[PDB]
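Pasting an experimental structure with its sequence.
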Amino acid sequence: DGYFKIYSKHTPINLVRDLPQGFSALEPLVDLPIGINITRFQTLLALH
Amino acid sequence: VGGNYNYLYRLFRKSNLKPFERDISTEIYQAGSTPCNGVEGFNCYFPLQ
Amino acid sequence: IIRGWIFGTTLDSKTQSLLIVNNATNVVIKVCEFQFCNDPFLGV
Ligand SMILES: *[C@@H]1O[C@H](CO)[C@@H](O[C@@H]2O[C@H](CO)[C@@H](O)[C@H](O)[C@H]2NC(C)=O)[C@H](O)[C@H]1NC(C)=O
């Protein structure tokens, strides 16, 4: 409905192989009002 | 007196706009089998009016 | 290294697109019709 909603959570994990087996609900952050038809996306990292 | 043609409205589009959505792109509308690679005419039209 | 995201439709100047950057100490959400690079990364 033209509302980009972002939820997140930070969890101290102990595994270094796969995602941990557990429950951690992601509390919301933002509900920004953008009006695009998002179809694709991409990540942005840093190159020092 | 001129008409105040500064205000524009979109007239040509292929899909019905979703609620609270904005279409600013002014790309040439394609209304036929013509590829419409710019230079509109007889099948391609300016989206704005 | 993982800082942000670029949501969009064509990821270029023909259509609008979002851009989140978690750089410095503030997030930089910004929506324009950016001309995104073939290989986007943060200059640092
Ligand atoms: C939602 O965004 C999508 C992605 O551009 C649009 O889907 C296009 O719809 C047209 C309809 O004529 C198709 O010809 C295209 O092939 C579609 N693009 C794709 C599948 O990538 C859609 O029109 C947008 N809707 C609104 C209301 O803006």
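Sure thing, it's come through. Numbering: from 1, shown residues only, chains lettered A, B, ... in the order given.

touching chain B at all, the one helix or strand residue A:6 maps to?
When elements are defined using DSSP states H and E, residue A:6 is found to belong to strand A:4-8. No. Remark: strand A:4-8 sits outside contact range of chain B, by Cβ under 8 Å from any Cβ of the partner chain, the gap being at least 11.5 Å. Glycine gets a C-beta too; all of them are placed from N, C-alpha and C.

Just after that strand, pick out the following helix or strand.
For strand A:4-8, the following helix or strand on the C-terminal side (DSSP H and E) is strand A:27-32.

what's across from the most centrally placed residue in chain C in the sheet?
Geometric centre of chain C, nearest residue: residue C:19, 3.4 Å, by Cα atoms, centre = their mean. Per DSSP bridges, the residues bridged to residue C:19 are residue C:30.

and what of residue A:4?
Residue A:4 forms beta bridges with residue A:32, as assigned by DSSP bridges.

Report the contact partners of it.
Contacts for residue A:4 (Cβ atoms under 8 Å, 6 or more residues apart in numbering or on different chains) come out as A:30-34, A:38, C:7, C:18.

Give me the nearest residue to residue C:36, chain neighbours excluded.
Spatial nearest neighbour of residue C:36, chain neighbours left out: residue C:11 (4.7 Å); criterion: Cβ to Cβ, 6 or more residues apart in numbering or on different chains.
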